[PDB]
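Notes follow once the structure below has been shown.
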Amino acid sequence: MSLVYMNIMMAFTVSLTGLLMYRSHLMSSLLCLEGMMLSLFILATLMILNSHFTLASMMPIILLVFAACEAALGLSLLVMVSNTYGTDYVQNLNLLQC
Amino acid sequence: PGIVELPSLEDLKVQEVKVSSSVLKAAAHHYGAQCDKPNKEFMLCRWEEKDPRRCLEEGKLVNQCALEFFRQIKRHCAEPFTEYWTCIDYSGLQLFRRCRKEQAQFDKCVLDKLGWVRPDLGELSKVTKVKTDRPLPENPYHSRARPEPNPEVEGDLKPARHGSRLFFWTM
Amino acid sequence: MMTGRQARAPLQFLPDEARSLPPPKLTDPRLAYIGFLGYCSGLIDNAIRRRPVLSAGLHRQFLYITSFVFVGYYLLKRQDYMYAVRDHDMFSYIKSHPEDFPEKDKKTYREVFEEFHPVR
Amino acid sequence: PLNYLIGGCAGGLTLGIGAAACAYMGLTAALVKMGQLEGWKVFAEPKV
Amino acid sequence: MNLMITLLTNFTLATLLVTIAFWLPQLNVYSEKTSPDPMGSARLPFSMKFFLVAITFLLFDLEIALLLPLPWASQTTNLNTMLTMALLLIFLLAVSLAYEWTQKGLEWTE
Amino acid sequence: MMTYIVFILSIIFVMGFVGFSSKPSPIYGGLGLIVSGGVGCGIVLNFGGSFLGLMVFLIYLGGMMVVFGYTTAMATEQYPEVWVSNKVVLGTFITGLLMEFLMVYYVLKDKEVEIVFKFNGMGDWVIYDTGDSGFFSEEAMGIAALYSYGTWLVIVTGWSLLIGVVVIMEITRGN
Amino acid sequence: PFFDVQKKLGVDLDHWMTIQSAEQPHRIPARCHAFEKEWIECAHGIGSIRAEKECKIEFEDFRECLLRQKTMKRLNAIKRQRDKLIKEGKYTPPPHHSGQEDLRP
Amino acid sequence: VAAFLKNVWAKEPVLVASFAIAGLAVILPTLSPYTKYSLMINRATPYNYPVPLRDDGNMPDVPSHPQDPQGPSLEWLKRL
Amino acid sequence: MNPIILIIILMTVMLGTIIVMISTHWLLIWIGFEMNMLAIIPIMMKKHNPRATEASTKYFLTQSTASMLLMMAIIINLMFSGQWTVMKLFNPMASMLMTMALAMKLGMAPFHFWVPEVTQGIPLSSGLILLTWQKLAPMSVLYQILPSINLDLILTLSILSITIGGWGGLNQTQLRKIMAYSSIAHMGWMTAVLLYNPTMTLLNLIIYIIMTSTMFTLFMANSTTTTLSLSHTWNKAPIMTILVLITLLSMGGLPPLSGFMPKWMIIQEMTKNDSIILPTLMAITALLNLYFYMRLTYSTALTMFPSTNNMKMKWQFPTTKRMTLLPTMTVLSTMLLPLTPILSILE
Amino acid sequence: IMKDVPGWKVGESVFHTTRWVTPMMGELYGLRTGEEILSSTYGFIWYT
Amino acid sequence: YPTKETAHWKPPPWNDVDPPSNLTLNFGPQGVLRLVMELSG
Ligand SMILES: CCCCCCCCCCCCCCCCCC(=O)OC[C@H](COP(=O)([O-])OC[C@H](O)COP(=O)([O-])OC[C@H](COC(=O)CCCCCCCCCCCCCCCCC)OC(=O)CCCCCCCCCCCCCCCCC)OC(=O)CCCCCCCCCCCCCCCCC
Ligand SMILES: CCCCCCCCCCCCCCCCCC(=O)OC[C@H](COP(=O)(O)OCCN)OC(=O)CCCCCCCCCCCCCCCCC
Ligand SMILES: CCCCCCCCCCCCCCCCCC(=O)OC[C@H](COP(=O)(O)OCCN)OC(=O)CCCCCCCCCCCCCCCCC
């Protein structure tokens with residue numbers, strides 16, 4: 001397929017596997033998730049600009065708005081977790097084992 | 001598939017309007033007034049044929065009528081036009097509003113020596129009509145035959161023969 | 001399956017060609033069973049709130065029965081409509097494609113040979 | 001069918017449950033050869 | 001290209017002034033100083049209110065991102081629709097501010 | 001080299017995602033995602049989507065990664081590092097960035113031009129300026145038609161942002 | 001369940017951003033306006049199952065307009081043969097490919 | 001309605017100015033005699049080429065030249 | 001929570017699902033999922049304990065990853081089709097990623113690892129919303145993209161869902177985890193028949209929602225969250241002792257109850273398509289679900305009865321809980337098998 | 001150029017239609033120098 | 001059914017809530033006054 005799109009998808013999959021491999025923090029998970037959003041923005045933008053398709057120019061702005069509202073929701077969840085425990089560690093989030 | 005058919009380099013030779021963009025923009029309204037008919041024949045041919053290869057002779061007529069326009073400027077009103085496009089050419093955005101006295105002198109000499117009235121605000125953006133002697137392109141997209149649609153339903157709606165027929169449900 | 005049929009007239013619960021069909025009678029055994037479901041919902045509604053089950057809330061049990069019969073009448077009308085559409089589409093498709101639905105030759109049993117398997 | 005019925009049972013004896021997988025692995029391996037015989041599709045293509 | 005050349009010039013001047021301002025006083029052999037705060041050593045206290053003003057910033061900033069194509073939106077042929085949606089976006093930003101008011105959200109950093 | 005600037009910025013973009021995705025800390029991860037957002041914004045700006053790249057800088061890096069860094073600073077308690085005199089505290093920084101940019105150069109090796117020169121992207125890559133648009137940006141007018149054409153999109157987006165304000169004020173109150 | 005409320009109520013909520021050949025601001029066409037219009041007018045109303053095999057040619061033309069894989073492959077073939085004929089030496093570039101001839105308009 | 005208004009203009013004049021300006025911005029363009037001219041100026045701004053029509057023989061309103069009398073007028077815009 | 005804010009947020013949940021259902025554009029699908037997730041998060045944090053915050057965090061992470069994979073599927077569709085119509089997809093990569101994203105949204109296995117934890121952490125009403133209303137939007141998208149869905153992928157996810165939702169319910173005493181593994185098994189049953197007859201998918205979805213809402217309404221009406229606390233119901237409210245358990249005999253799928261209707265119609269429509277091994281093995285695993293849920297039925301209307309003394313004080317108070325539609329849902333979840341050919345209304 | 005390569009047709013359209021397709025950047029400036037390609041494909045984007 | 005790895009799981013609480021400071025600043029002399037504050041935000 002097309003050349004720069006392979007790079008943007010590869011960036012998406014690297015940030016996916018970063019989200020799919022937790023090390024320590026919930027903030028690193030939100031970072032990998034929003035890197036996924038960034039790569040989606042770049043890829044949608046490059047397609048819509050390449051196609052000269054006019055009415056989808058407003059699409060990546062809406063992607064950015066909805067997913068940054070999503071990220072605000074994730075930061076508030078992380079803050080409530082960190083006020084419960086003291087740290088935002090993912091191993092403090094394991095009370096639902098039983 | 002098939003060989004794409006291109007015109008020869010002798011089909012593409014025409015005398016070029018070798019002037020700059022400010023020179024074109026300075027005579028723009030008089031060009032739209034005076035060279036109206038071959039320009040509009042060409043743009044009708046261009047939005048109807050949808051192909052630059054079927055429009056070459058009308059484009060040559062456009063280039064010819066543009067050259068005759070600028071020769072007719074050159075024979076009569078060379079110095080007011082040069083004074084006007086120099087002042088148009090100084091500007092970065094090439095403003096008309098910075099150059100009203102040179103515009104007035106150019107329009108004065110052109111209306112005196114040639115009788116060309118500069119078009120009013122609104123005229124050059126009108127949709128005009130063009131009389132042509134070429135046929136209308138019956139398939140400009142070169143679409144092949146369309147697939148035959150699925151047959152619709154017709155006839156009245158009789159009830160279900162012995163109901164739902166779901167294993168033992170008699171209705 | 002039949003989603004391409006009701007796409008040209010979307011979100012019609014009962015189309016205008018449903019009215020060529022006879023409606024279910026009010027003595028329909030399916031509708032009588034739905035009224036029985038309304039009566040059972042009324043009885044459970046008195047039972048779960050600790051009321052005398054056959055006595056309390058006759059207005060309430062009667063609205064239960066009436067509501068289930070009222071919904072189930074239009075449900076049975078749509079059911080009859082969709083099976084009528086199924087059979088109409090089937091018969092028009094058999095009539096339109098004869099080469100895929102040939103009449104198979106029914107041979108009498110004097111020519112039809114079956115292998116006999118004795119039980120002994 | 002009997003060929004994989006032996007080889008699945010011997011797979012149970014090298015599994016670790018010894019004669020339990022003999023009635024399980026060989027009975028699953030028997031279905032594979034019978035499926036290859038009579039064309040049995042578990043992931044069947046939608047037709048109707 | 002001229003933009004990127006100017007950005008590279010500004011970055012190189014900034015890094016050069018940072019490099020000079022770090023390396024020029026280190027040529028001094030001044031002294032090796034021994035043993036180089038209001039709280040003693042305790043943890044950073046989390047403040048819920050600073051986080052709330054950061055999120056309120058982010059949400060009104062997304063609403064501003066919706067508001068940005070309005071000088072281009074004024075040029076349209078469907079002006080009644082455009083004016084209605086512009087007033088509706090600024091009204092929803094105002095309704096967000098009013099809800100942020102009336103739930104004591106803008107308090108002690110009002 | 002200068003023709004291939006979009007491909008080069010994409011390679012920098014993938015390397016920056018490898019940078020923060022290995023997750024040394026959320027603060028260095030945030031720094032790597034800021035750098036990656038800047039170079040991916042450069043990818044967008046080198047097609048001619050200038051409003052969309054400025055939306056990246058103004059909104060993504062300008063609000064959202066600000067709030068990410070702001071929230072990250074209110075957790076993950078800081079601790080010092082090496083601070084020996086200016087060879088160690090800045091010369092190691094310069095050598096580390098020199099190794100990083102030499103890695104950016106070193107991933108563009110003969111195993112890479114086998115993918116590049118076989119499937120040559122430049123020559124025909126950015127076809128955005130193919131012919132004339134006119135006295136407008138197509139990208140700007142498509143974004144501007146959010147108000148005339150995109151009525152339902154404005155309604156659902158503004159309602160989701162109002163609901164986002166309400167939702168954050170509910171789940172952060174803790175009551 | 002696709003509850004087609006937009007076609008039931010006669011409102012347009014999102015059909016306008018759906019395709020490239022729709023009504024665009026200032027009548028800007030997409031790069032593949034004609035190819036998508038031909039694919040849509042081929043595949044209209046006949047169903048997807050007939051459309052995948054009866055309108056395959058219009059769809060291959062439209063996908064090759066979108067992605068230009070055959071065109072990039074042909075250009076890479078011509079340019080790599082040109083590189084081979086330069087390095088072997090049996091070809092020399094003309095003045096209009098070295099920038100020496102003061103272009104047409 | 002007049003005691004409350006003076007009370008809120010005494011307490012909170014910032015919000016009174018805000019609601020008054022926003023109310024004027026809402027209900028004022030519906031009352032203006034120049035709102036139609038914004039529409040008429042925006043639809044008279046020629047971003048595209050005025051693609052001409054094939055003259056079939058009966059179009060007495062479509063002109064043949066810009067300086068022909070028939071066609072849309074912008075004399076209202078030069079005069080105002 | 002302020003009840004006006006609760007009503008506005010529940011209308012935003014419903015509005016997000018309706019936006020997924022009615023829209024023809026993929027961006028509006030993605031918007032409807034974003035709105036649905038954003039709005040359902042405060043319903044989970046309604047009580048503000050650490051378990052609900054942990055459950056909301058895990059739910060946010062899984063649904064957010066699924067939304068990103070959904071948008072990547074949409075973007076690959078725009079590559080290979082240049083358009084945005086919600087219909088079939090034009091790349092097996094986009095079809096695979098969208099099937100994975102919708103399977104993550106449904107909690108189908110192997111993306112099932114959030115559903116028992118999140119259902120455990122949140123209250124019973126929000127668990128009801130998560131196991132009934134949140135299933136509707138991804139099943140609608142799977143209904144509309146079924147010309148593109150890979151058969152082997154959806155059948156693998158369906159059998160892995162039915163097997164893991166079966167073997168999850170052995171070791172459980174928490175009722176919400178039991179309903180979550182029942183959810184995983186039933187979503188496997190729904191997506192098994194999707195590429196053969198999606199009307200049977202809609203039948204299984206509607207009957208499952210009725211039975212699930214009956215079970216969660218009974219769990220709210222008895223204030224029971226565990227098996228051990230459900231077993232005190234006979235000394236407190238004896239009519240609840242039979243309704244919970246014959247609804248639970250419906251949920252496994254057992255005639256003459258209406259929960260046998262979906263699995264029987266699925267087996268019926270998959271053997272038209274010459275698949276005989278697959279409905280047999282899926283319904284054997286449904287019998288494994290019956291095995292564990294019948295053990296729970298024994299524990300509640302049989303052996304482990306014993307009571308406490310403060311039941312003597314609960315006897316003097318009737319219920320004031322609005323057991324809304326509970327007789328209607330209990331009659332619909334049990335006595336609807338004679339009305340089985342009503343399923344044509346979903347065609 | 002394309003003489004030694006067998007089975008080649010010069011000016012072969014990659015489309016199945018005979019409709020005029022608008023030429024891509026590399027169909028026009030493809031065999032040209034890199035300075036013309038720079039001024040063609042990043043000229044307006046990089047202009048000041 | 002408790003195996004080895006699940007035998008040390010205590011059951012969750014009945015109401016699903018679990019068993020779960022303020023800043024102190026020393027404004028030193030750096031008129032001269034030392035203030036030991038107790039802040040609450
Ligand atoms: C001149 C103008 C006025 C004319 C008026 C004429 C009538 C005057 C009287 C007005 C009232 C009419 C009532 C309906 C007509 C009779 C329907 C009938 O018998 O159908 C025979 C029907 C088929 O027999 P057939 O000889 O082929 O047809 C004779 C007629 O042509 C039947 O006609 P068809 O072949 O066209 O029927 C269509 C189709 C025929 O059926 C079929 O195609 C076969 C499939 C039927 C469903 C099988 C499901 C099996 C799995 C689930 C089993 C559930 C558990 C069983 C019940 C547990 C206890 C609740 O029906 C269905 O599929 C509907 C589903 C079954 C409901 C039947 C009607 C019930 C109404 C009253 C319900 C009261 C509760 C009774 C218990 C609930 C269950 C019945 O028999 C059965 O399916 C066996 C069950 C017995 C039927 C219900 C008997 C109704 C009277 C009950 C009195 C005792 C109540 C005691 C208290 C409550 C229970 C504890
Ligand atoms: C219709 C057009 C669009 C209207 C909406 C958009 C307006 C643009 C500006 C947006 C403002 C957003 C925030 C508004 C919040 C209002 C509620 C509020 O602030 O209540 C508290 C306040 C008292 O202040 P307090 O709580 O004490 O604050 C500490 C400092 N003293 O109480 C107050 O100050 C009372 C505020 C309400 C009363 C103001 C009345 C002004 C009337 C002007 C004339 C009418 C104008 C036409 C519009 C209709 C107004 C009703
Ligand atoms: C193809 C299909 C297309 C779609 C068709 C329609 C689909 C319907 C899907 C139904 C999904 C139900 C979701 C849950 C109910 C939503 C409303 C709600 O939030 O109810 C819970 C509410 C919470 O109140 P709260 O204050 O939290 O109480 C806790 C104690 N303080 O109140 C309570 O807790 C009160 C206790 C009783 C709650 C009973 C709720 C029953 C709702 C389901 C009814 C049955 C489904 C409809 C019929 C079948 C439709 C398929």
Side-chain angles (χ1 to χ4, degrees), chain A residues 2-5 7-8 41-43 45-52 57 60, chain B residues 20-21 91-94, chain E residues 1-14 72, chain F residues 1-13 16 35-58 61 101 104-105 108 116 120-143, chain G residues 28 31 98-99 103 105, chain J residues 23-48:
Chain A
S2 179
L3 186 62
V4 89
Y5 296 164
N7 286 320
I8 305 301
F41 188 91
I42 304 303
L43 195 55
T45 299
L46 295 177
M47 293 188 293
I48 289 161
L49 291 171
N50 207 169
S51 295
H52 289 172
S57 298
Chain B
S20 296
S21 63
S91 178
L93 289 168
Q94 291 173 351
Chain E
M1 188 66 206
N2 295 117
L3 178 71
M4 293 183 286
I5 289 170
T6 309
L7 294 174
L8 185 63
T9 302
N10 290 322
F11 180 77
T12 299
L13 178 61
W72 290 335
Chain F
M1 177 266 168
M2 190 58 72
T3 57
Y4 295 99
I5 192 65
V6 173
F7 182 74
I8 290 167
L9 289 176
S10 67
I11 295 303
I12 299 165
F13 186 75
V35 174
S36 300
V39 298
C41 177
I43 300 168
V44 166
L45 288 163
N46 282 317
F47 281 13
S50 296
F51 188 87
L52 292 171
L54 285 167
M55 285 304 105
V56 173
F57 278 127
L58 183 57
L61 297 181
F101 286 109
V104 174
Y105 186 77
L108 297 172
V116 172
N120 195 359
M122 284 303 299
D124 49 353
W125 190 255
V126 181
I127 56 98
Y128 187 77
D129 189 75
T130 305
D132 191 73
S133 299
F135 280 102
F136 50 84
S137 175
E138 305 175 358
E139 184 259 339
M141 290 293 103
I143 286 160
Chain G
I28 305 162
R31 181 187 62 186
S98 61
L103 276 301
Chain J
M24 194 173 68
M25 186 66 72
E27 295 183 356
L28 295 176
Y29 293 96
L31 298 176
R32 294 177 179 270
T33 55
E35 193 269 333
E36 293 178 352
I37 296 167
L38 282 170
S39 179
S40 298
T41 199
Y42 297 115
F44 172 65
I45 301 167
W46 291 353
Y47 178 66
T48 307

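Protein chains get the first letters and strands the later ones, always in sequence-line order, with residue 1 at the start of each. Hydrogens, waters and symmetry mates are skipped; everything else that's a heavy atom, side chains included, is used.
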Item to check | ring-ring contact (aromatic ring centres under 6.0 Å, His included) evaluation trace for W72(E) with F136(F) | outcome: CA-CA 10 Å; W72(E) 290 335; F136(F) 50 84; over 10 Å; no
Checklist entry - Do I11(F) and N7(A) pass the side-chain contact (heavy atoms from CB on, under 4.5 Å) test, and can you show the C-alpha distance, the side-chain angles, and the key distance before you say yes or no? => result CA-CA 7 Å; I11(F) 295 303; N7(A) 286 320; 3.6 Å; yes
Next on the checklist: Could you walk me through whether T9(E) and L13(E) satisfy the side-chain contact (heavy atoms from CB on, under 4.5 Å) test, starting with their C-alpha distance in whole Å, then the side-chain angles of each, then the deciding distance to 0.1 Å, before giving a yes or no?
Outcome noted: CA-CA 6 Å; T9(E) 302; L13(E) 178 61; 5.6 Å; no
Checklist entry - Can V56(F) and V44(F) be said to form a side-chain contact (heavy atoms from CB on, under 4.5 Å), step by step? => result CA-CA 9 Å; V56(F) 173; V44(F) 166; 5.5 Å; no
Next on the checklist: As a quick check of understanding, evaluate side-chain contact (heavy atoms from CB on, under 4.5 Å) for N120(F) and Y4(F), giving each step before the final call.
Outcome noted: CA-CA 10 Å; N120(F) 195 359; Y4(F) 295 99; 2.8 Å; yes
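In terms of heavy-atom proximity, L61(F) sits nearest to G37(F) at CD1-C, 4.1 Å. Scanning all heavy atoms of the two residues, the minimum distance from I37(J) to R32(J) falls at CD1-O, 3.8 Å. Summarising the geometry of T6(E) relative to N2(E), their closest heavy-atom pair is OG1-O, 2.6 Å, with the distance given to 0.1 Å. Across all their heavy atoms, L45(F) and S50(F) have their closest contact at CD2-CA, 3.7 Å. Taking every heavy atom of both residues into account, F7(F) and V116(F) meet most closely at CE2-CG2, 3.8 Å. Here the closest non-hydrogen pair linking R31(G) and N50(A) is NH1-ND2, 3.4 Å.
Side-chain contact between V39(F) and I43(F) is absent, with no heavy-atom pair separated by less than 4.5 Å. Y128(F) has its side chain within reach of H52(A): a pair of non-hydrogen atoms, C-beta onward, lies under 4.5 Å apart. Two residues are said to be in side-chain contact when any heavy atoms from C-beta on lie closer than 4.5 Å; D129(F) and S40(J) fail this criterion. Considering only heavy atoms from C-beta on, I8(F) stays 4.5 Å or farther from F13(F) through its side chain. Side-chain contact between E138(F) and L49(A): absent, with no pair of heavy atoms (C-beta onward) separated by less than 4.5 Å. At a threshold of 4.5 Å between non-hydrogen side-chain atoms, the residues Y42(J) and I5(F) count as touching. Contact of the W125(F) side chain with the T41(J) side chain is not registered, since no non-hydrogen atoms from C-beta on lie closer than 4.5 Å. Proximity of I5(E) to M1(E): side-chain heavy atoms (C-beta onward) are separated by under 4.5 Å at one or more points.
In this structure a side-chain-to-backbone donor-acceptor pair under 3.5 Å is present from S51(A) to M47(A).
A donor-acceptor contact under 3.5 angstrom links the side chains of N46(F) and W46(J), judged on distance only. Of the N and O atoms on the side chains of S57(A) and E139(F), not one donor lies less than 3.5 Å from an acceptor on the other residue.
With rounding to the nearest 0.5 angstrom, the CE atom of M25(J) is 4.0 Å from the OG1 atom of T130(F). The distance from atom CE of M2(F) to atom CE of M4(E), rounded to the nearest 0.5 Å, is 6.5 Å. Atom CD1 in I12(F) sits 7.5 Å away from atom CZ in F101(F) (nearest 0.5 Å). One finds the OG1 atom of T45(A) at 5.0 Å from the CG atom of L52(F) (value rounded to the nearest 0.5 Å).
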